[PDB]
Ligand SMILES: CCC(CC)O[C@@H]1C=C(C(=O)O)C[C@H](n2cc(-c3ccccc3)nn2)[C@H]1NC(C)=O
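Encoded as C-alpha cells, the following chain is the form deposited without the named molecule, with no partner shown.
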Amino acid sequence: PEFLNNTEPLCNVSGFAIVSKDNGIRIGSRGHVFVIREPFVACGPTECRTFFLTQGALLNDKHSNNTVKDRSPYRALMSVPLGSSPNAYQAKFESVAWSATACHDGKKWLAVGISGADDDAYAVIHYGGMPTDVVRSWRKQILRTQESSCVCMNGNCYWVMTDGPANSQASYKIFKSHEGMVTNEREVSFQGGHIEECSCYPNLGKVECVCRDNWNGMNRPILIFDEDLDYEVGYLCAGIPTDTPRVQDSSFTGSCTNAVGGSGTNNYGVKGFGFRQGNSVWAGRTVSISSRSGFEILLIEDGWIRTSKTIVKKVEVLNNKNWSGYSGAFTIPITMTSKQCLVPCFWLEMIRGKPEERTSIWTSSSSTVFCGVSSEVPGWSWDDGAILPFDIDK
C-alpha cells in the first residue's frame, strides 16, 4: 500500500453521468435504514463510500421524531459503499459527529468528526479506525467543517473548518494532517467574507474549494491553498449566482473579491460546489432561486476568472418539482480510471420530510451521484421517490 499522489490536473469534462442512487428512503419504508443528512462521498484508490450523519434513529421508528436538536450527543458519522442505502446492517461506524469530513490517503481512511457542546466542541481525528488527534474549538462558537470529502495529496490530508457566528464575521482555518496527526494549520484572513461547508477537490497539487457564504453573499466563496497552507481567498467571479437563496441571473452582477447579496438573500445559503475548468467553471445550483428544489449544473465560460454571464452548457439532474438539498464535490483517483487526470464528481442530497413536508414528523435525505465525462450527457430527473407520509407519521 502506498500514498496516493493525487497531484494530477483535474479533468476537463463536457458532461456529468449518473453513477449511483441509493433509494434509501424508499427502502426505509420497510427496511432498517437510518434517518440521515449529508450523504457525502469520498473515494480511496479502489473504493468510493457514502458517508452520512445520523441521530442513530431509523426510518418509521419513533426515535426519528424531530424532537432532538441537530447537534446532539447521539449524532454519528457512518459510511456504506457508494450506492448502498444507509442501513443498519451495512453501515460502518466512523466517528461521533454532528459535523464531519472524511477522505482516503491511499493507505487508510481519515475521518474527522466534531462533537461536544456549542461553546466547547472538538473534532476527533480517526485514522485507519483509530483515534489519533483532536482539534479544539478556538472561538468557542460551534466548531464546524465541510460536510463533504477532504483532500489527500502525497500522504497529507487537508480540510477547512469554521468557528464563530452563523450570520456575521467568523473565523476560518485550514488544516494539514499526516496519518491522522495535525501537522500544520493556518487562519484564513477574509474580512467581510464568510466561509461554511466547503466543497474541496485536488487540482494540479493544490486544493480548490467552493464554499457557502451564510452572511452577505449569494455568490460562493472560493478558497485555494497549497501544501504550505499558503492561500488565495475570494468569490466565484461568475456573473451567475449559485447559492440559495439568490436573485435571478439578470439582477446579479458578479465579483471576484466581494460578497454580493441583499434583496432578501442575506443570512442563509446552502452547501454547494464548483469545478475549475481552466478559466471556466462547472457550478451546481438549485433550480429555484428561493428554495432547495431542483438541481442543475452550469458550465460558465471564463467564470473562474471574470464576471462572465456566458453559460455554454447546462444540465438538469432534478426538476424543480422535487426537493434537493446539499451538494458536494469529490474526485476519482487515477488508480481506477484509465486517465492522467482526476475525475470531478458531485453528490446531490434530496431532503424529505420537515421542514417542507410538515405532515411528517421526521427529516431524512437520499442521494444521487454524478461524475464528469469527456462528452456531453443528457439530463433527466432522478428524484428521491419516497411516498410520504410514512407509517410513523400516522
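Numbering starts at 1 and follows the sequence shown. Whichever C-alpha set is largest while still superposing within 1.5 Å between the two forms counts as the rigid core. Residues that one form lacks are left out of the comparison.
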Would 41-49 or 25-33 have the larger average of its C-alpha temperature factors, as given in the entry?
41-49
Quick one: say whether 52-60 or 339-347 has the higher mean Cα B-factor in the deposited entry.
339-347
Looking only at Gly180, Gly269, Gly264, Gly284, the Cα with the top B-factor belongs to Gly264
Taking the values straight from the PDB record, which of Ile289, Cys150, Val80, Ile174 has the highest C-alpha temperature factor?
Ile289
State the tercile, meaning the lowest, middle or highest third, of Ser20 with respect to the CA B-factors recorded for its chain.
lowest
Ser366: CA temperature factor from the record, placed by chain third, in the lowest
Taking the C-alpha B-factors as the PDB entry records them, is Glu94 in the lowest, middle or highest third of its chain?
lowest
Would the CA B-factor of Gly239 place it in the lowest, middle or highest third of its chain?
highest
Can you work out whether the C-alpha temperature factor of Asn66 puts it in the lowest, middle or highest third of the chain?
highest
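The discussion below concerns the form deposited with the named molecule bound, not included here.
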Partner-facing stretch of 39-47, 330-338, 52-60, 25-33, counted where any non-hydrogen atom is within 4.5 angstroms of the named molecule in the deposited complex:
52-60
Position in contact with the named molecule when the complex is considered in the deposited complex, options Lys173, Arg144, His126, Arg285, heavy atoms within 4.5 Å:
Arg144
Identify which of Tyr268, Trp138, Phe190, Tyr122 has a heavy atom within 4.5 Å of the named molecule in the deposited complex; exactly one of them does.
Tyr268
Please determine whether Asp105 contacts the named molecule in the deposited complex, using a 4.5 Å cut-off between heavy atoms.
no
Are any of the heavy atoms in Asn214 no more than 4.5 Å from a heavy atom of the named molecule in the deposited complex?
yes
Is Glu196 close to the named molecule in the deposited complex, meaning a heavy atom pair under 4.5 Å apart or at it?
yes
Just checking whether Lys309 would be counted as a contact of the named molecule in the deposited complex - the rule being heavy atoms within 4.5 angstroms.
no
Honest question, do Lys206, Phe225 and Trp304 all end up within 4.5 Å of the named molecule in the deposited complex by heavy atom distance?
no
The one residue in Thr337, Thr46, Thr359, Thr67 whose CA moves 2 Å or more between this form and the one not shown on rigid core superposition is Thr67
Using the form shown as baseline, tell whether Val68 and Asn267 are closer or farther in Cα-Cα distance in the deposited complex, where the change reaches 3 Å or more.
closer
Please check whether, in the deposited complex, the CA atoms of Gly217 and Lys69 lie closer or farther apart than here, given a change of 3 Å or more.
closer
Three or more consecutive residues, each Cα shifted by 2 Å or more between this form and the one not shown after core superposition: list those runs for me in sequence order.
67-70
